[PDB]
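Shown next, in structure tokens, is the structure this report addresses.
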Amino acid sequence: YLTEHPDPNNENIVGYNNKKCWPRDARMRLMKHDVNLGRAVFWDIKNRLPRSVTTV
Amino acid sequence: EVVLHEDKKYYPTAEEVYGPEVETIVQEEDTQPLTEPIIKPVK
Amino acid sequence: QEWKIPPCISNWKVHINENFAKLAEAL
Amino acid sequence: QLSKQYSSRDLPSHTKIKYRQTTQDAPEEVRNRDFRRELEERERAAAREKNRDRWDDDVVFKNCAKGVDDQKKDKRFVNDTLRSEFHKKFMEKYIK
Amino acid sequence: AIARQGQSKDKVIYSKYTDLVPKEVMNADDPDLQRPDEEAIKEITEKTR
Amino acid sequence: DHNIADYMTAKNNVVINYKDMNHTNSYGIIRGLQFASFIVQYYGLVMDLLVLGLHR
Amino acid sequence: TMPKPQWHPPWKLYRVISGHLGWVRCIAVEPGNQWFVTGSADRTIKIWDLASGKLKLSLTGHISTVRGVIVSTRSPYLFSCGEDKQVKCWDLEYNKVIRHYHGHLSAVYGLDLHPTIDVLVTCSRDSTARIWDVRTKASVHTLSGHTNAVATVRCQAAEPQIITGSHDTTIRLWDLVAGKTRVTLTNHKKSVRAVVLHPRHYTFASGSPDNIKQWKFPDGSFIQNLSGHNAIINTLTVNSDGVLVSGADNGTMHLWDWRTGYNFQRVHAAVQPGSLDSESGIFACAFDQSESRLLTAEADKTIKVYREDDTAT
Amino acid sequence: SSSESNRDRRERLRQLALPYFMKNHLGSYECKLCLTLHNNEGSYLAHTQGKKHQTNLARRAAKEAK
Amino acid sequence: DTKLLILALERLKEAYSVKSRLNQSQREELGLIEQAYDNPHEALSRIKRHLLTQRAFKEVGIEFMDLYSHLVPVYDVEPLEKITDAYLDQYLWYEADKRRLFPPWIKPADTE
Amino acid sequence: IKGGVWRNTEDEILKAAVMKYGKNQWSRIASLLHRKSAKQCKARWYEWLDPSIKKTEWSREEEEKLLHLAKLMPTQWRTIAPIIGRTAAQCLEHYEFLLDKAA
Amino acid sequence: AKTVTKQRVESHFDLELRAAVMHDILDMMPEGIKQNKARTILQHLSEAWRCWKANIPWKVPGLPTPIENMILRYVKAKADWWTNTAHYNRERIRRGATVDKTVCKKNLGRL
Ligand SMILES: [Zn+2]
């Protein structure tokens, strides 16, 4: 992921969605390894779906 | 070549139509949020 | 004559791409 | 022949006239000003500010998301009510 | 005199062809076209007020 | 059986009418069909085969 | 001509600002070149930074299309009038309406402020124009007269204080204190939509679809006839440099030498990115205080700013 | 009674669209060329709007033109 | 076959179960479904005849149910094609479940 | 119960009614006929009675075009029908006629 | 001096649109000299507006191009007004501020 989509400013944490219903200690922490692992996941999934078929 | 209806351009870029010399800017929203005074009083 | 106006009598009061061929024959 | 009828709206309100003051921008200042210089320098300042600002060994598909950098569709303003990007978003949102 | 008939002599009314026809130039300026003056304006304004 | 298929498909191609408006639907599937469910779940099976991959 | 007269530099388009959702019908500029304001079919009044062109402030409160906007010089007010029927006075100290002037029977097309007296003059479809006492919200006078909708009204200090024109093609000059007509000009064949008073000369001009006439003061002797560009023309506006601009419904804009009727430049401007070709033409336009910028309000829902070209000759 | 309105409306419609159709001394509709009797003018009109009624007018057309 | 047709017909009848005076088209639908109970083999043969032949159907009405957030499309079909399609659906799902078409991971599932 | 075979009387009266009232008012036209509804009247107009509909043999070009398109977009008759300029039911019948007479 | 109001707004907007077009164009288009198609041009206006509501492309075989560019202009304006109003109302209902029997059904029809 970082190969095709670099983030030198660590902006992957700007638009990441957490669930704000929960209390803070229950809500998800924000860390580089964790967040970027997330976007890498979602990106890997998306690349298996051709845009003309469906998308995410 | 093929363009999905997801994109499919209609109309040229904003900038292109006017030409380079003019500056085209789209103001949406605004700034100086309203509690500010246009014309600020004396004190 | 030019400013003759068609009466607005009221009613109230298609092409295809060839890529479909390539696709269908492909399938 | 003037009627003795009245109405709520009509009654006094704001009987005083707020004259502009000197720092608000009284006409006296305006007459003296060289607007053109002021307008130029402000413009220049604005410009400067702007400048400052800026495995899976098996799959059907090789990467679709190569050069797909969003595109300026939300930068284009369109004077057409049904093809404005605002309208698209609205249409997308509220119908299923 | 037909047209005036209703009105007083004082009140003006255009009718002849001459009125219609153009008059030219008048130069960059002449005393002929100018804004009454400061002082006339003050008088008018005060009386009006 | 090919007949069932041609029926199901040919059904999704019909005229949508609301008061004044009429148009043909040549592309998107109609949800409101009785059997539309089976189309949805089967097609979804296909895209699942895309996402997971055949081996997994 | 006199001798191939008064060489003026061409203008170029400098900037395009989007951000109205309706037609922009009206532009006004603040007394200090700080901010210029626009009325729209959107029902908003927006105030824009002259320099950067960023939007400062959106006001809401009209019910229908805002047609006319004035920023007072001697008091911190906007006046606006609309298709609604309502003329409102906004106190820009709080950005709220403090008074409302009530009484026209239809849409109010136009309005203007007396420069020294403190009285507001408005035009309406109902064929009248009114003189309103700003302070008491009172119909000082009603100017009966024209047989159709009054379109554009201008106010001046000297003689014929009120200059007005209507869709019935005739201009009346109104003697303020009497509220009666001194002069009727009938020399346009089609609707008079715009008039403008020349900053220094003591003359005035009127525009119709057919042509544009200048006038002597008072009493409107005929002077000149500028002919050229034929459209339904909505705007006439003039610099102290003698530059007269004519807008039009077909999009076209022409620049004129006030003195001679020499039409030095013709500007036909591209419509906005989306839009349609037909939604072209400028409803109105104005000049900043420095005479260095020309602003236009267009049906393509934009504001264009023109800047005088510095290389020119 | 609603039924009564239809009878009225289907006579007038067959009067508009209508030179041969008539009404006898009774109420029925008749084609004076073909000498046919029609239950309803519209039903009669269709026979009046038919290709046989058409012909027998042409045949009488020729038969007179001779 | 009778099993399937019965199920589908009941399903269709369930939308109108409260049954105010309804309307004309709905009336046609109740009368036609009711017809299907009396002479089932007729209905089944007519259905299979459609499924073997007709490729052109009539226009579907459309309207939007309002959830105050996102609208929901709603389609309206002529009763004949609704009975036909309904039986088609009960059948397709039945054969499908018998043959284990859908793997377990698809779970708007009957079991749970 | 309302459904049934179309009659020359109902069909001609449909002609006259459509002529008088106009295309967009169906409930008014269904009011005059008996044993027929508005939907049935409309679809009966646009399917068959409509004079713009072409009733005649198919030329060679129309057969080439119909066969090609039907091999292009299988089973879609309401998409093809406007392209060849014929009614969907009609071009259907003609297609099964081409495969029927072809063997 | 009746005051614009919710009951009267739609009627008001169309009233002053008919007037806007009428004054503008009959003071703009003319040289018919007798009466130029005022009833008729307005009937073309309502016809075009219905056609755009039905999403039917509207092309009159004969017509002056200034009249056509006219109608297309004003019709697009009214379309912008109607559409923007629709968006705004769906926002109000979404937030659940407005309880009205009519604006819900109307707003539905619009979307
Ligand atoms: Zn006969």
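By convention here, the chains of the structure tokens are called A, B, ... in the order presented, each chain's residues are numbered starting at 1, and ligands are numbered starting at 1 in the order presented.
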
Do you know which residues are at most 10 Å from residue K:85 counting only C-alpha atoms, after dropping those on the same chain fewer than 6 positions away, and could you put them as a PDB file with N, CA and C atoms, in the first residue's frame?
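Saved the output as out10.pdb:
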```pdb
ATOM      1  N   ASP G  42     -31.013  33.037  -5.630  1.00  0.00           N
ATOM      2  CA  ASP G  42     -30.762  32.160  -4.526  1.00  0.00           C
ATOM      3  C   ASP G  42     -31.445  32.643  -3.249  1.00  0.00           C
TER       4      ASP G  42
ATOM      5  N   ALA K  79     -36.267  25.786 -12.937  1.00  0.00           N
ATOM      6  CA  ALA K  79     -35.815  24.451 -12.565  1.00  0.00           C
ATOM      7  C   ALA K  79     -34.834  24.509 -11.405  1.00  0.00           C
ATOM      8  N   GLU K  91     -33.603  18.386   3.480  1.00  0.00           N
ATOM      9  CA  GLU K  91     -32.749  18.564   4.644  1.00  0.00           C
ATOM     10  C   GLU K  91     -33.579  18.836   5.890  1.00  0.00           C
ATOM     11  N   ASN K 107     -42.598  17.159  -1.545  1.00  0.00           N
ATOM     12  CA  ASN K 107     -41.163  16.928  -1.589  1.00  0.00           C
ATOM     13  C   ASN K 107     -40.854  15.529  -2.097  1.00  0.00           C
ATOM     14  N   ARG K 110     -41.254  15.498  -5.823  1.00  0.00           N
ATOM     15  CA  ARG K 110     -40.083  16.115  -6.424  1.00  0.00           C
ATOM     16  C   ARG K 110     -38.935  15.124  -6.538  1.00  0.00           C
TER      17      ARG K 110
END
```

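Excluding residue C:9 itself and any same-chain residue fewer than 2 positions from it, the protein and nucleic acid residues within 9 Å of it, counting only C-alpha atoms, are residues 6, 7, 11, 12 and 13 of chain C; 40, 43, 44 and 47 of chain K.
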
Alpha helix (DSSP H) per DSSP on the backbone: members of stretch 5-101 of chain J, as a PyMOL selection string | chain J and resi 8-21+26-32+38-44+60-72+77-84+88-101

Quick one: residues within 12 Å of residue E:41, only C-alpha atoms counted, chain neighbours fewer than 2 positions away excluded, as a list in words?
->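 Residues meeting the cut-off are residues 34, 35, 36, 37, 38, 39, 43, 44, 45, 46, 47, 48 and 49 of chain E; 116, 117, 156, 157, 158, 159, 160 and 161 of chain G.
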
Could you write out that same residue set with N, CA and C atoms as a compact mmCIF listing (two decimals), in the first residue's frame?
```
# COMPACT_ATOMS: atom_id res chain seq x y z
N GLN E 34 -24.22 72.63 -15.52
CA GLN E 34 -23.52 72.51 -14.25
C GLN E 34 -24.54 72.37 -13.12
N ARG E 35 -24.07 71.81 -12.03
CA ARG E 35 -24.95 71.44 -10.96
C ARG E 35 -25.13 72.66 -10.08
N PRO E 36 -26.36 73.17 -10.06
CA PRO E 36 -26.69 74.49 -9.60
C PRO E 36 -25.57 75.18 -8.87
N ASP E 37 -24.94 74.46 -7.96
CA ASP E 37 -23.82 74.98 -7.17
C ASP E 37 -23.89 74.36 -5.82
N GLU E 38 -22.92 74.61 -4.97
CA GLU E 38 -23.05 74.11 -3.59
C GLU E 38 -24.25 74.79 -2.94
N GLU E 39 -24.23 76.10 -3.10
CA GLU E 39 -25.05 77.00 -2.28
C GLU E 39 -26.50 76.91 -2.65
N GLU E 43 -29.66 75.58 -0.22
CA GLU E 43 -30.91 76.30 -0.08
C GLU E 43 -32.05 75.36 -0.36
N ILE E 44 -31.97 74.67 -1.48
CA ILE E 44 -33.03 73.75 -1.93
C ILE E 44 -33.24 72.67 -0.87
N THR E 45 -32.12 72.12 -0.42
CA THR E 45 -32.12 71.00 0.51
C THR E 45 -32.80 71.45 1.82
N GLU E 46 -32.47 72.64 2.28
CA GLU E 46 -32.97 73.09 3.55
C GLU E 46 -34.44 73.36 3.44
N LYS E 47 -34.87 74.06 2.40
CA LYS E 47 -36.29 74.36 2.23
C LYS E 47 -37.11 73.09 2.12
N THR E 48 -36.59 72.14 1.37
CA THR E 48 -37.21 70.84 1.15
C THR E 48 -37.39 70.14 2.51
N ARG E 49 -36.34 70.17 3.30
CA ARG E 49 -36.27 69.41 4.54
C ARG E 49 -37.38 69.90 5.49
N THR G 116 -27.27 62.95 -0.03
CA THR G 116 -27.16 63.84 1.12
C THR G 116 -28.39 63.91 2.03
N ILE G 117 -29.56 63.61 1.53
CA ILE G 117 -30.76 63.87 2.30
C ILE G 117 -31.18 62.76 3.27
N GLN G 156 -30.09 61.82 -7.72
CA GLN G 156 -29.01 62.81 -7.87
C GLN G 156 -29.28 64.00 -6.95
N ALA G 157 -28.28 64.83 -6.68
CA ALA G 157 -28.52 65.89 -5.70
C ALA G 157 -29.09 67.15 -6.28
N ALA G 158 -28.59 67.50 -7.46
CA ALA G 158 -28.87 68.77 -8.08
C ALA G 158 -30.33 68.96 -8.55
N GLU G 159 -30.53 69.39 -9.79
CA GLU G 159 -31.86 69.47 -10.36
C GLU G 159 -32.30 68.06 -10.74
N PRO G 160 -33.41 67.88 -11.46
CA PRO G 160 -34.12 66.59 -11.52
C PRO G 160 -33.55 65.49 -10.65
N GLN G 161 -33.92 65.51 -9.39
CA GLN G 161 -33.31 64.60 -8.41
C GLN G 161 -33.55 63.13 -8.69
```

Distance atom CA of residue G:56-atom CA of residue B:27, one decimal place?
-> 9.4 Å

Considering only C-alpha atoms, extract the chain I residues located within 12 Å of chain J and return them as JSON, numbers by chain.
-> {"I": [23, 24, 25, 27, 28, 29, 30, 31, 32, 33, 34, 35, 53, 54, 55, 56, 57, 58, 59, 60, 61, 77, 78, 79, 80]}

Selected residues, N, CA, C and O atoms, written as a compact mmCIF listing (two decimals), in the first residue's frame, please.
```
# COMPACT_ATOMS: atom_id res chain seq x y z
N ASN I 23 -58.48 -1.05 -4.20
CA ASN I 23 -58.74 -0.33 -5.44
C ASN I 23 -59.05 -1.31 -6.56
O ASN I 23 -59.28 -2.49 -6.34
N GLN I 24 -59.05 -0.79 -7.79
CA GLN I 24 -59.39 -1.62 -8.94
C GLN I 24 -58.31 -2.65 -9.23
O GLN I 24 -58.58 -3.86 -9.25
N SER I 25 -57.07 -2.21 -9.45
CA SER I 25 -56.00 -3.14 -9.79
C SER I 25 -55.83 -4.20 -8.72
O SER I 25 -55.76 -5.40 -9.01
N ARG I 27 -58.07 -5.16 -6.67
CA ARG I 27 -59.22 -6.06 -6.81
C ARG I 27 -58.94 -7.14 -7.83
O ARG I 27 -59.16 -8.33 -7.56
N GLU I 28 -58.45 -6.76 -9.01
CA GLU I 28 -58.04 -7.73 -10.01
C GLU I 28 -57.08 -8.75 -9.42
O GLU I 28 -57.14 -9.94 -9.73
N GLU I 29 -56.18 -8.29 -8.55
CA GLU I 29 -55.16 -9.19 -8.02
C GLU I 29 -55.78 -10.22 -7.08
O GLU I 29 -55.47 -11.41 -7.16
N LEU I 30 -56.65 -9.77 -6.18
CA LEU I 30 -57.31 -10.71 -5.28
C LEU I 30 -58.17 -11.69 -6.05
O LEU I 30 -58.15 -12.90 -5.78
N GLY I 31 -58.95 -11.20 -7.01
CA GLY I 31 -59.81 -12.10 -7.78
C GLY I 31 -59.01 -13.11 -8.57
O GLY I 31 -59.42 -14.27 -8.71
N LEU I 32 -57.85 -12.70 -9.08
CA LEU I 32 -57.07 -13.59 -9.92
C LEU I 32 -56.35 -14.63 -9.07
O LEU I 32 -56.34 -15.83 -9.40
N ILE I 33 -55.75 -14.20 -7.96
CA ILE I 33 -55.15 -15.14 -7.02
C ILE I 33 -56.20 -16.12 -6.52
O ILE I 33 -55.98 -17.33 -6.49
N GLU I 34 -57.36 -15.60 -6.11
CA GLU I 34 -58.46 -16.46 -5.70
C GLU I 34 -58.79 -17.48 -6.77
O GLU I 34 -59.00 -18.66 -6.48
N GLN I 35 -58.84 -17.03 -8.03
CA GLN I 35 -58.99 -17.95 -9.14
C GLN I 35 -57.94 -19.06 -9.09
O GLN I 35 -58.25 -20.23 -9.34
N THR I 53 -42.19 -19.01 -23.16
CA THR I 53 -42.35 -18.14 -24.32
C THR I 53 -42.09 -16.67 -24.04
O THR I 53 -41.03 -16.15 -24.41
N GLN I 54 -43.03 -15.99 -23.38
CA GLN I 54 -43.11 -14.54 -23.46
C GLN I 54 -41.82 -13.86 -23.01
O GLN I 54 -41.35 -14.07 -21.90
N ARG I 55 -41.25 -13.07 -23.91
CA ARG I 55 -40.11 -12.23 -23.61
C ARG I 55 -40.44 -10.75 -23.43
O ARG I 55 -39.51 -9.95 -23.26
N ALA I 56 -41.70 -10.36 -23.51
CA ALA I 56 -42.06 -8.95 -23.39
C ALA I 56 -43.19 -8.76 -22.39
O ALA I 56 -44.29 -9.30 -22.56
N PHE I 57 -42.93 -7.93 -21.39
CA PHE I 57 -43.86 -7.76 -20.28
C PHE I 57 -44.41 -6.35 -20.32
O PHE I 57 -44.04 -5.55 -21.18
N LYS I 58 -45.30 -6.04 -19.38
CA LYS I 58 -45.92 -4.73 -19.37
C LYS I 58 -45.16 -3.80 -18.44
O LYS I 58 -44.25 -4.20 -17.73
N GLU I 59 -45.57 -2.54 -18.43
CA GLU I 59 -44.83 -1.52 -17.71
C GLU I 59 -45.09 -1.63 -16.22
O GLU I 59 -46.20 -1.92 -15.78
N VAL I 60 -44.04 -1.42 -15.45
CA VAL I 60 -44.11 -1.50 -14.00
C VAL I 60 -44.26 -0.09 -13.44
O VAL I 60 -43.55 0.84 -13.85
N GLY I 61 -45.20 0.07 -12.52
CA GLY I 61 -45.33 1.31 -11.79
C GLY I 61 -44.22 1.42 -10.78
O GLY I 61 -43.65 0.42 -10.35
N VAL I 77 -46.45 -4.42 -10.37
CA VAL I 77 -46.52 -5.26 -11.56
C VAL I 77 -47.97 -5.71 -11.74
O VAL I 77 -48.76 -5.67 -10.79
N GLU I 78 -48.32 -6.10 -12.96
CA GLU I 78 -49.64 -6.65 -13.19
C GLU I 78 -49.76 -8.00 -12.48
O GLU I 78 -48.77 -8.74 -12.40
N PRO I 79 -50.93 -8.34 -11.95
CA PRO I 79 -51.06 -9.58 -11.16
C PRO I 79 -50.58 -10.84 -11.86
O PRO I 79 -49.89 -11.65 -11.23
N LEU I 80 -50.94 -11.05 -13.13
CA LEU I 80 -50.52 -12.26 -13.82
C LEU I 80 -49.02 -12.50 -13.69
O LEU I 80 -48.58 -13.57 -13.26
```

May I have the residues within 9 Å of ligand 1, computed using only C-alpha atoms and all ligand atoms, as an NGL selection string?
-> :H and (20-21 or 30-37 or 44-45 or 47-50 or 52-57)

Please produce an output containing N, CA and C atoms for each residue in the selection, written as a PDB file, in the first residue's frame.
```
ATOM      1  N   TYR H  20     -73.706   9.288 -43.487  1.00  0.00           N
ATOM      2  CA  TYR H  20     -74.645   8.191 -43.616  1.00  0.00           C
ATOM      3  C   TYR H  20     -75.384   7.781 -42.341  1.00  0.00           C
ATOM      4  N   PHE H  21     -74.734   7.777 -41.195  1.00  0.00           N
ATOM      5  CA  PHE H  21     -75.368   7.319 -39.968  1.00  0.00           C
ATOM      6  C   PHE H  21     -76.533   8.195 -39.516  1.00  0.00           C
ATOM      7  N   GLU H  30     -78.728   3.563 -37.714  1.00  0.00           N
ATOM      8  CA  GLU H  30     -78.752   2.860 -38.972  1.00  0.00           C
ATOM      9  C   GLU H  30     -77.822   3.449 -39.995  1.00  0.00           C
ATOM     10  N   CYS H  31     -77.236   2.599 -40.829  1.00  0.00           N
ATOM     11  CA  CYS H  31     -76.439   3.076 -41.940  1.00  0.00           C
ATOM     12  C   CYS H  31     -77.372   3.055 -43.136  1.00  0.00           C
ATOM     13  N   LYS H  32     -77.548   4.216 -43.751  1.00  0.00           N
ATOM     14  CA  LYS H  32     -78.515   4.363 -44.786  1.00  0.00           C
ATOM     15  C   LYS H  32     -78.021   3.797 -46.125  1.00  0.00           C
ATOM     16  N   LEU H  33     -76.717   3.807 -46.370  1.00  0.00           N
ATOM     17  CA  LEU H  33     -76.174   2.965 -47.445  1.00  0.00           C
ATOM     18  C   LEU H  33     -76.504   1.509 -47.249  1.00  0.00           C
ATOM     19  N   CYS H  34     -75.880   0.917 -46.245  1.00  0.00           N
ATOM     20  CA  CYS H  34     -75.846  -0.529 -46.128  1.00  0.00           C
ATOM     21  C   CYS H  34     -77.150  -1.150 -45.621  1.00  0.00           C
ATOM     22  N   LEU H  35     -78.057  -0.294 -45.147  1.00  0.00           N
ATOM     23  CA  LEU H  35     -79.248  -0.723 -44.449  1.00  0.00           C
ATOM     24  C   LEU H  35     -78.944  -1.737 -43.347  1.00  0.00           C
ATOM     25  N   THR H  36     -78.039  -1.345 -42.476  1.00  0.00           N
ATOM     26  CA  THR H  36     -77.785  -2.123 -41.325  1.00  0.00           C
ATOM     27  C   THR H  36     -78.261  -1.375 -40.097  1.00  0.00           C
ATOM     28  N   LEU H  37     -78.586  -2.152 -39.071  1.00  0.00           N
ATOM     29  CA  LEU H  37     -79.073  -1.612 -37.810  1.00  0.00           C
ATOM     30  C   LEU H  37     -78.040  -1.900 -36.775  1.00  0.00           C
ATOM     31  N   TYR H  44     -72.393   0.489 -34.084  1.00  0.00           N
ATOM     32  CA  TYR H  44     -72.859   0.744 -35.443  1.00  0.00           C
ATOM     33  C   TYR H  44     -71.806   1.485 -36.258  1.00  0.00           C
ATOM     34  N   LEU H  45     -71.132   2.428 -35.611  1.00  0.00           N
ATOM     35  CA  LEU H  45     -70.122   3.242 -36.272  1.00  0.00           C
ATOM     36  C   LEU H  45     -68.986   2.362 -36.779  1.00  0.00           C
ATOM     37  N   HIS H  47     -69.122  -0.680 -37.755  1.00  0.00           N
ATOM     38  CA  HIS H  47     -69.629  -1.220 -39.007  1.00  0.00           C
ATOM     39  C   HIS H  47     -69.580  -0.078 -40.006  1.00  0.00           C
ATOM     40  N   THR H  48     -69.950   1.107 -39.530  1.00  0.00           N
ATOM     41  CA  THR H  48     -69.751   2.337 -40.261  1.00  0.00           C
ATOM     42  C   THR H  48     -68.263   2.631 -40.418  1.00  0.00           C
ATOM     43  N   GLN H  49     -67.441   2.122 -39.498  1.00  0.00           N
ATOM     44  CA  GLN H  49     -65.992   2.239 -39.618  1.00  0.00           C
ATOM     45  C   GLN H  49     -65.361   1.014 -40.225  1.00  0.00           C
ATOM     46  N   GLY H  50     -66.160   0.200 -40.886  1.00  0.00           N
ATOM     47  CA  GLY H  50     -65.670  -1.043 -41.445  1.00  0.00           C
ATOM     48  C   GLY H  50     -65.334  -0.934 -42.906  1.00  0.00           C
ATOM     49  N   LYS H  52     -66.441  -3.133 -45.226  1.00  0.00           N
ATOM     50  CA  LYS H  52     -67.547  -3.537 -46.081  1.00  0.00           C
ATOM     51  C   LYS H  52     -68.484  -2.364 -46.325  1.00  0.00           C
ATOM     52  N   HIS H  53     -68.760  -1.608 -45.272  1.00  0.00           N
ATOM     53  CA  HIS H  53     -69.626  -0.456 -45.396  1.00  0.00           C
ATOM     54  C   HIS H  53     -68.954   0.460 -46.400  1.00  0.00           C
ATOM     55  N   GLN H  54     -67.628   0.519 -46.338  1.00  0.00           N
ATOM     56  CA  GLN H  54     -66.880   1.384 -47.246  1.00  0.00           C
ATOM     57  C   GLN H  54     -67.196   1.031 -48.693  1.00  0.00           C
ATOM     58  N   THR H  55     -67.080  -0.249 -49.004  1.00  0.00           N
ATOM     59  CA  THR H  55     -67.266  -0.705 -50.366  1.00  0.00           C
ATOM     60  C   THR H  55     -68.644  -0.386 -50.897  1.00  0.00           C
ATOM     61  N   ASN H  56     -69.669  -0.754 -50.163  1.00  0.00           N
ATOM     62  CA  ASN H  56     -71.033  -0.581 -50.658  1.00  0.00           C
ATOM     63  C   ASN H  56     -71.372   0.881 -50.925  1.00  0.00           C
ATOM     64  N   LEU H  57     -70.621   1.817 -50.349  1.00  0.00           N
ATOM     65  CA  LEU H  57     -70.799   3.214 -50.699  1.00  0.00           C
ATOM     66  C   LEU H  57     -70.154   3.493 -52.057  1.00  0.00           C
TER      67      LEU H  57
END
```

Within 8 Å of residue I:9 using only C-alpha atoms, minus same-chain residues under 6 positions, as JSON, numbers by chain = {"I": [33, 36, 83, 86]}

From C:20, C:3, C:27, C:10, residue lying nearest chain J [only C-alpha atoms] | C:20

What separates atom CA of residue B:22 and atom CA of residue G:305 is a distance of 8.4 Å

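Among F:17, F:5, F:45, F:32, the residue with the shortest atom-to-atom distance to residue I:104, counting only C-alpha atoms, is F:45.
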
For residue G:165, work out the shell of residues within 10 Å, counting only C-alpha atoms and skipping chain neighbours fewer than 5 positions away, then give it as a count of residues only.
-> 22

Report as a PyMOL selection string the set of chain D residues whose atoms approach chain I to within 6 Å, with distances computed over only C-alpha atoms.
-> chain D and resi 94-96

Could you write out as a short mmCIF file (atom, residue, chain, number, x, y, z; two decimals) with N, CA and C atoms, in the first residue's frame the residues of chain G within 10 Å of chain E, counting only C-alpha atoms?
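Printed below is part08.cif as written:
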```cif
data_model
loop_
_atom_site.label_atom_id
_atom_site.label_comp_id
_atom_site.auth_asym_id
_atom_site.auth_seq_id
_atom_site.Cartn_x
_atom_site.Cartn_y
_atom_site.Cartn_z
N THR G 116 -27.27 62.95 -0.03
CA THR G 116 -27.16 63.84 1.12
C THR G 116 -28.39 63.91 2.03
N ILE G 117 -29.56 63.61 1.53
CA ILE G 117 -30.76 63.87 2.30
C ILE G 117 -31.18 62.76 3.27
N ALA G 157 -28.28 64.83 -6.68
CA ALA G 157 -28.52 65.89 -5.70
C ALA G 157 -29.09 67.15 -6.28
N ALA G 158 -28.59 67.50 -7.46
CA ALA G 158 -28.87 68.77 -8.08
C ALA G 158 -30.33 68.96 -8.55
N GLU G 159 -30.53 69.39 -9.79
CA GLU G 159 -31.86 69.47 -10.36
C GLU G 159 -32.30 68.06 -10.74
N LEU G 176 -38.33 66.00 -6.78
CA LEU G 176 -38.45 65.32 -5.48
C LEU G 176 -39.45 65.88 -4.50
N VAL G 177 -39.39 67.19 -4.31
CA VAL G 177 -40.23 67.88 -3.32
C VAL G 177 -41.69 68.02 -3.73
N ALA G 178 -41.93 67.91 -5.02
CA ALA G 178 -43.28 67.99 -5.52
C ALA G 178 -43.81 66.62 -5.68
N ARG G 182 -41.18 66.70 -14.13
CA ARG G 182 -40.80 67.87 -14.91
C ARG G 182 -40.63 67.52 -16.34
N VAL G 183 -40.07 66.36 -16.66
CA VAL G 183 -39.75 66.09 -18.04
C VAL G 183 -40.08 64.73 -18.46
N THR G 184 -40.74 64.62 -19.61
CA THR G 184 -40.93 63.30 -20.17
C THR G 184 -40.20 63.13 -21.48
N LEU G 185 -39.36 62.11 -21.55
CA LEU G 185 -38.62 61.86 -22.78
C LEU G 185 -39.24 60.65 -23.34
N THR G 186 -39.47 60.66 -24.62
CA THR G 186 -40.09 59.51 -25.22
C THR G 186 -39.34 58.92 -26.40
N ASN G 187 -38.03 59.05 -26.36
CA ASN G 187 -37.25 58.81 -27.56
C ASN G 187 -36.73 57.42 -27.65
N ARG G 200 -19.22 63.77 -13.58
CA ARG G 200 -18.75 65.18 -13.66
C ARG G 200 -19.45 66.08 -14.65
N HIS G 201 -19.98 65.53 -15.71
CA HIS G 201 -20.45 66.34 -16.77
C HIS G 201 -21.81 66.94 -16.55
N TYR G 202 -22.62 66.40 -15.68
CA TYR G 202 -23.99 66.91 -15.57
C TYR G 202 -24.87 66.42 -16.70
N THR G 203 -24.52 65.25 -17.20
CA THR G 203 -25.31 64.59 -18.19
C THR G 203 -25.73 63.18 -17.78
N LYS G 216 -28.72 65.95 -21.92
CA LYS G 216 -28.33 67.15 -21.19
C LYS G 216 -29.14 67.32 -19.94
N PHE G 217 -28.65 68.11 -19.00
CA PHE G 217 -29.35 68.35 -17.75
C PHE G 217 -29.66 69.84 -17.60
N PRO G 218 -30.63 70.13 -16.72
CA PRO G 218 -31.91 69.49 -16.86
C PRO G 218 -32.65 69.44 -18.14
N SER G 221 -32.29 67.55 -22.92
CA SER G 221 -32.04 67.72 -24.34
C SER G 221 -31.26 66.55 -24.91
N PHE G 222 -31.44 66.31 -26.18
CA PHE G 222 -31.04 65.04 -26.72
C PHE G 222 -29.55 64.69 -26.84
N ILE G 223 -28.67 65.67 -27.05
CA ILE G 223 -27.23 65.34 -27.14
C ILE G 223 -26.87 64.25 -28.19
N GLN G 224 -26.51 63.04 -27.77
CA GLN G 224 -26.04 62.01 -28.70
C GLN G 224 -26.88 60.76 -28.68
N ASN G 225 -26.55 59.92 -29.65
CA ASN G 225 -27.09 58.62 -29.77
C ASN G 225 -25.97 57.66 -30.06
N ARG G 259 -17.72 60.41 -24.50
CA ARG G 259 -17.78 61.63 -25.31
C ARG G 259 -18.28 61.40 -26.71
#
```
